[PDB]
C-alpha cells in the first residue's frame, strides 16, 4: 500500500525520507511542491496528488507534512488514517510532534516506521 | 566510516550504522559503503543486525552485484531462529531484481509460507507480491502458495494474504469463494487495515457472485454492520462504500449517520468523505436530506473542504428547502475567501437550474450582486447569470443592460467573454448599447486575453448579421485584427467567421443561411456536477477520488442476471 | 577579505563564530542558521561553493565550506577571494586542528573553543590571511603553549 | 570554560534559564577583584557570544581582564575584546592605556595578542590615535611583530587614509622584507590595497614580478596572480610581460588550485591581449589543455571551476572548446545540479550544424534518466533552445526533430507543454516537406489521445493535443485515415479536456468533415457522405451540452450548420465545395 514516506518541513524541503521497497526518487515531491505553490496555504493542498507513475497521499498536522508515496490503487482514507496514526505514535513517544525531536531521534523514527509498516501493509 | 566499521569493536560498528541510517534518512548516497556493511551481516549483536538489515533493505537494489556476491549469507539468514531476521532476510532476497535469483526466491517463499510464525507468513505474502512484480511467469505456483495462505486462521496474516491474493490473482475468485465464511467471521477480529482490504474485496465479490437482495449476501451485511461505528475513517468508509454498492436501497441509508459523523475529523479524512458523500447524494438524495444543516459551511474550513460542502448542498437542493439554502448562499457570497466566494456564486446558478421555480429569485440575488466592488465576485456572478440568462432566452433587460455598462471595468478574461457573449445573443434586444460595446473592445483587442478575443469575433459577426447598416465597418475592423493575431485559434475562427459573413460574391446556399446558424437559439447547458462521473467508480477507492482509472483499478461489474451456484460455495 | 568564519556540525549547533564585520548577536545567529540550511542540504558529492545570502551583505559574498566527519567549516568571503584558495586555507586549518589537538574531533571544538580561536587568529587575522606555512604555524602555537607552561 | 560547556550540554531544553543564571553569575564574577575569575567569566561570555547573546554589556569588565599584567588573562581579554566592541561602543575608549602599553611593549607575543585585539578595534578615532605608533612598528626588529603589524596597517589604511598617504612608500620598501612570513603578510596587505584603487599600483608591477619570480609559498602566488588578472583591464602590457612567467608557472604548477588560478588568469590576460595582437593561439591551446587536465579530476570542486573557466574561454575561443565533446557529455552525469546546468550551457555553446543530433541524443537519453519536474523542465527548455536557436539553423533532418518533439511529449507532468506545442506548430507550418511526417505522428498521438487525456492540467499534454488537432485538421490532405482520425477526435473521451482544446478540436473536426466530404463527393460516394454527416450530427450534441463558453458556442453553431448541410444534401446539393471553401 503505502510505499515510501517523505516528511516535509514548513520551508519546503525534504525533512525526512524513508523507503520500504524499491526507492522512489525525492523528485516525486516536486509535484507536491508545485501544489503548495498553487495552494493558498498549507491547508489548501489536496490530500491525494497525482504523479505520472505514483500517487502522493499527504496529511498536514503539527506544522509538518506526512507525505507518502502510492503506486497502485489504494483506499485514500487507508493511507491518510495510517499517516495520522504514525503521527499520533510520533507524538506519544516524543511527547510532542516537532521537527527538532524527529531530527534528534531519526533512529527511533526509523524503528517506529519499520514497526508500524511492514512491506506495504501497515500492521502492529 | 569504513575503518570505523572494520574495527572489531561492536559499539563502534553500532555507532557507524546509526550514523549511516541517519544519512540515509537525509537521503545521501551510502552505496559506496556497502562493502563494509555486508561484512558484518552475520554479527551476533541483535541491534547491529537490525540496523545492518535496514541498510541492506535500503541499498540492496542499488548495489545489486555485491548482494549477488553474498546470496548464500541471506540463505543462511533465512533459517535464523528470530522471526524478524527471517522476515528481513526474505525481504532482502525479494529486493534483488536479477533475473537469476528467481528459483531461490521461490523456495524461500515456499518455506516461509509453510513456517509456523505468522509474521514471516505475512512477509511471505509480501514476498509473493514482490516476485509477481519481478517474474510474472511463476503465477501458477504463486497462486498455489496464495491458496495455501488463505486457509490460515490468523488475521494478522489474513489481511496481507488477501492483498497478495488480490494483486497476484484477482480473477481466481474460487479461493475466496471457499472461505467466505472464515473471512466474514474474522472480519470482526481482523485488524483495521485488514478490515478495509477484506471489505473492499468482499464488496467486489458480492457485486460479482450475488443477485439483487441470498443468505450469504445478507451474511456479509449482517457482520459488516457493527463496523459502522468504528473509530477508523477508512474502516467506516469501507463499510459505507459496501452498503452503497451491496445493500438494498431501503437499508443502505443507515450509513449517512456515520458518514456525516466523520466530517468532525481532520481535514484530510473529510476531504475524501466529502468527495464520496457528494457522489452518493446525486443518485439518492433522501438519505442525506435530514443532515442538510450539517453540510452548512463553517468559515474555519479551508477552501477545498468548504467547496465540497457546497457541491453537496447543491445536490440536496429541493423546492422544500431551496429558499433556506438560497438565504444561506447569500451569507457565503460576501465572505473574505475569494476562491470560496466564487464557488457560492456558482452554487446559486446550479440550484437555480435544479429548482426551476426560483429562477427569478436566484437572479435577484445575483443582479444586485453585480454592483459589488470585488473584482472576482463580479467576474463569476456575470458568468453564472449568463448560464441562467441562457436558460430562459427572455428579454431580461433589467439584467443585461447592467452588465454592458459594467464591462468597461471588468478585467477577468472569462467574465469579459461572458459579457460579450450575452450581448451577441441579445443584439436585437439591446440594439443601442451592443454596437458601442464592439467599438470599445475593438480598440482594446490587442491587449485582451486569447479567450476574450474569440467572443469579439462572435460579437462582431452577430452584430453584422442584424445591424450591418452601421456595424459593417466595425466587423471588418475586428476581423482584420484577429486575422494577424499570434494564436492560431483566433486565426482559425477569423478565417471561418469572415468566410461565413463577408464574401457575398461567392454567396452560395450555405452563406444565405449564415444569419440562421449564428443567431440560432442556444440550448440550455446540461451542467453536470463534478461527481456524476464517479458513478462508474467504486466508493472509497483511489480511482473515485481522481475520477480516473488508476493503475490497478479493480472495476466493479454489473449485477448478474442469475446467481452462481450457492451449493458450490459451502 | 574573509567576512566571517562559521563552524558548525551536521546538526547546526555552532562550534565557532568569528566575525570580521560588525554584526549584532541576533544577526550572527540567523546568519549561522541560514548558512547551515544552505550548506547541509547538499549531499557529499555536491561542490563546495554557495552564493552568499542576504544577511552577510548580499550576493556579493559567497559561502565556501568543507565537510570533515560531521563538521562544517564555512568561510564567508566576497567575490575577491580565491575559491580553492580559501578551500586550501580551510584544509590547512583543519589539519592544524588535527595535529594541535592530536586527532581533533567535534569534542575538541566544543570544549576547547578558545584554543580554536587562537588557531584562527594565528592563521587568519581580521579577514586577512596571516600564515599559510603549516609547520611554522603549529610551531608558534606550541611556543605560546610554552609560555603558558612557563608562567 | 568547560564547566559552562557541560552545563549548556546538560541543559538542552532549559538553555534560556540556565544561561540567565550563568549571566547573573558572570555579572557577580566580573566585578570581583581577582582577575583570574574575571577571565574565566570572560571565557564563559565569549562562549555566550558564540551562542548568540549580547557581548556589549560587559565591555568594561573585558577591559579589566585585558588590563592584567599576566598574558594568560591578556589573551582571553583580547579575544573577547576582538569579539566585543563595535562602532557604536564609546566604552572602547577606556582600552587606550592598556592598548598603548601592550603596543609599545618590546615583547613579540604580547604585541601579537595586542594586534589580534586591535584587528577588531579599527575605528577612525583609534586608527587616528594609533597609526603614529604602528607606523613605527612597521620596521620593528623582530619578524613576527611586523608580520601581524602589516595587516594592522591594512586595517588602519582602510580607516585612516591620512596615514595611508605617507606609509605607502613604507609598505613599498616593506615589500622586500627578508623574512618569508613578513613579506607574505605585506603582500597580502598591498594586494588588498590594490584591489580598491588599482591605478596607483601599475608602477608597482615590477616589484610584483620580482615577488612572483622569488616566491615559493603557493598562497602568495594565488593572491598576486588574481590581482594580475585584476589590473589587466587597466594595462594589458603588464600581462604581455607576465604571460611568459605565467606559462612557466603553469608548466611548473603542482597544486591543482594554484593551477586553476593561473589558467583562469591567463584566460583574462589573453582576453586583454587579443585587442590587436591575435597571435596567442599557442597559449590558448596550452590553457585549454590545462583546463582539460583540471576537469578530468574526480573532485567536484576542481571540476566545477575548471568547467567554469572553459565556459569563459568558450565565450573567448570556442574553436578549441568544441573538441571536448565527450568530456562534457560525461561530466553531464555528475550528481550536482549546478555542474549539470553549467554543462548544459556549454552544450548550448558548442552545438553546431554537425553535432546537434548527437548532443541532443545524449541530452534526451539523460532527460529519460532525468528526475525532477524542475530539472526536467529546464532540460527540455534547453533542448528546445539549442534546437531552435537562430530559427532552426543547425538542424537538417527535420523528421528527427519531430521525432524528438514526440519523445518529449512522453514527459508527462511538464510545465512547458505550450512551448512544445508552439514548436510543433512552427516546424509544421514553416517547412513543407516534413508536413506529412508531422501529420502522421500527430494523428498517431490523437489515436492515443485517450492516454494523453490523463493530464488535463494547463500547459500540460493538452497543449500537445491542441498542436496535434491544429496540424491534422489544417493539413488533412496528407492524412491516411481521415475518417478514423475524425472519429478519434469526436470520441467521448475528449469531453474532459479544457476549453480551448475542445474548441480547436471541434473547429478542426469540421475541417476534416470538409476534406472527407470533398473526397467522397468527388468520387461520387453519396452514401459515405451521408454516413459521415449523420455521424457528426450524432456526435456534436455531446459537445454542445458543454458548459464552457467557446466550446459550446462552436459546437452549437457548427452542429446547426451540419444539420443544414444534411438538409441540403437531402436536396442533392454539391455542398462539399462550399464546406471546403469555409476552411480554404
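Residue numbers (UniProt numbering), protein chains in the order written: chain L, 1 to 124; chain P, 47 to 259, 294 to 650; chain F, 1 to 151; chain C, 18 to 601.
C-beta atoms are modelled at their ideal positions from N, C-alpha and C, and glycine is treated no differently.
Please report how far the alpha carbon of residue i lies from the alpha carbon of residue j, in whole angstroms.
{"i": "residue 521 of chain P", "j": "residue 387 of chain P", "result": "34 Å"}
{"i": "residue 377 of chain C", "j": "residue 415 of chain C", "result": "13 Å"}
{"i": "residue 252 of chain C", "j": "residue 290 of chain C", "result": "10 Å"}
{"i": "residue 627 of chain C", "j": "residue 60 of chain C", "result": "Since the displayed chain C opens at 18 and closes at 601, residue 627 of chain C lies outside it and no answer follows."}
{"i": "residue 208 of chain P", "j": "residue 631 of chain P", "result": "19 Å"}
{"i": "residue 490 of chain C", "j": "residue 484 of chain C", "result": "10 Å"}
{"i": "residue 7 of chain C", "j": "residue 72 of chain L", "result": "Any answer about residue 7 of chain C is impossible in this case: the structure gives chain C only from 18 up to 601."}
{"i": "residue 341 of chain P", "j": "residue 415 of chain P", "result": "26 Å"}
{"i": "residue 72 of chain F", "j": "residue 344 of chain C", "result": "31 Å"}
{"i": "residue 82 of chain P", "j": "residue 318 of chain C", "result": "27 Å"}
{"i": "residue 454 of chain P", "j": "residue 482 of chain P", "result": "16 Å"}
{"i": "residue 116 of chain F", "j": "residue 180 of chain C", "result": "33 Å"}
{"i": "residue 332 of chain P", "j": "residue 620 of chain P", "result": "15 Å"}
{"i": "residue 561 of chain C", "j": "residue 70 of chain L", "result": "38 Å"}
{"i": "residue 360 of chain C", "j": "residue 328 of chain C", "result": "9 Å"}
Considering only the alpha carbon of each residue, which of the options lies closest to residue i?
{"i": "residue 94 of chain F", "options": "F:68, F:150 and F:28", "result": "F:68"}
{"i": "residue 457 of chain P", "options": "P:476, P:598 and P:428", "result": "P:428"}
{"i": "residue 517 of chain C", "options": "C:213, C:247, C:479 and C:582", "result": "C:479"}
{"i": "residue 238 of chain C", "options": "C:215, C:216 and C:265", "result": "C:265"}
{"i": "residue 7 of chain L", "options": "L:43, L:59, L:124 and L:22", "result": "L:59"}
{"i": "residue 183 of chain P", "options": "P:145, P:359 and P:396", "result": "P:145"}
{"i": "residue 212 of chain C", "options": "C:246, C:202 and C:186", "result": "C:246"}
{"i": "residue 90 of chain F", "options": "F:123, F:50, F:23 and F:144", "result": "F:123"}
{"i": "residue 550 of chain P", "options": "P:515, P:621 and P:524", "result": "P:515"}
{"i": "residue 118 of chain C", "options": "C:106, C:107, C:132 and C:108", "result": "C:132"}
{"i": "residue 498 of chain P", "options": "P:480, P:548 and P:352", "result": "P:480"}
{"i": "residue 84 of chain C", "options": "C:127, C:123, C:66 and C:63", "result": "C:127"}
{"i": "residue 525 of chain P", "options": "P:493, P:506 and P:508", "result": "P:493"}
Any beta-carbon of chain C closer than 9 Å to the one on residue i?
{"i": "residue 379 of chain P", "result": "no"}
{"i": "residue 27 of chain L", "result": "yes"}
{"i": "residue 68 of chain F", "result": "no"}
{"i": "residue 569 of chain P", "result": "yes"}
Using 9 Å as the limit for Cβ to Cβ distance, is residue i near chain P?
{"i": "residue 12 of chain L", "result": "no"}
{"i": "residue 493 of chain C", "result": "no"}
{"i": "residue 525 of chain C", "result": "yes"}
Contact defined as beta carbons within less than 8 Å: I believe residue i pairs with residue j. What is the distance between those atoms, to the nearest angstrom?
{"i": "residue 530 of chain P", "j": "residue 572 of chain P", "result": "That pair is no contact at about 12 Å."}
Give a yes or no on whether the minimum CB-CB distance between residue i and chain L is below 9 Å.
{"i": "residue 481 of chain P", "result": "no"}
{"i": "residue 392 of chain C", "result": "yes"}
Within 9 Å (strictly less), CB to CB, does residue i reach chain F?
{"i": "residue 39 of chain C", "result": "no"}
{"i": "residue 114 of chain C", "result": "no"}
Should the stretch 184–203 of chain P be regarded as contacting the stretch 63–75 of chain P, the criterion being three or more beta carbon pairs within less than 8 Å?
no
If we count Cβ pairs, one from each stretch, closer than 8 Å, do we get three or more for the stretch 512–526 of chain C versus the stretch 578–592 of chain C?
Judged by Cβ distances under 8 Å, the stretch 512–526 of chain C makes no contact with the stretch 578–592 of chain C, as fewer than three pairs qualify.
Taking one C-beta from the stretch 319–337 of chain P and one from the stretch 299–306 of chain P each time, how about it: are there three or more such pairs within less than 8 Å?
Verdict: yes, contact present.
Could you tell me whether the stretch 76–85 of chain C touches the stretch 33–42 of chain C, using the rule of 3 or more Cβ pairs below 8 Å?
no
Counting beta carbon pairs with one atom in the stretch 163–180 of chain C and one in the stretch 142–151 of chain C, are three or more of them shorter than 8 Å?
yes
Assess, as a yes-or-no matter, whether the stretch 582–599 of chain P is touched by the stretch 41–49 of chain L under the definition of 3 or more beta carbon pairs within less than 8 Å.
They do not touch, by the three-pair rule.
Does the stretch 52–62 of chain P come within contact of the stretch 84–91 of chain P, defined as at least 3 CB pairs closer than 8 Å?
yes
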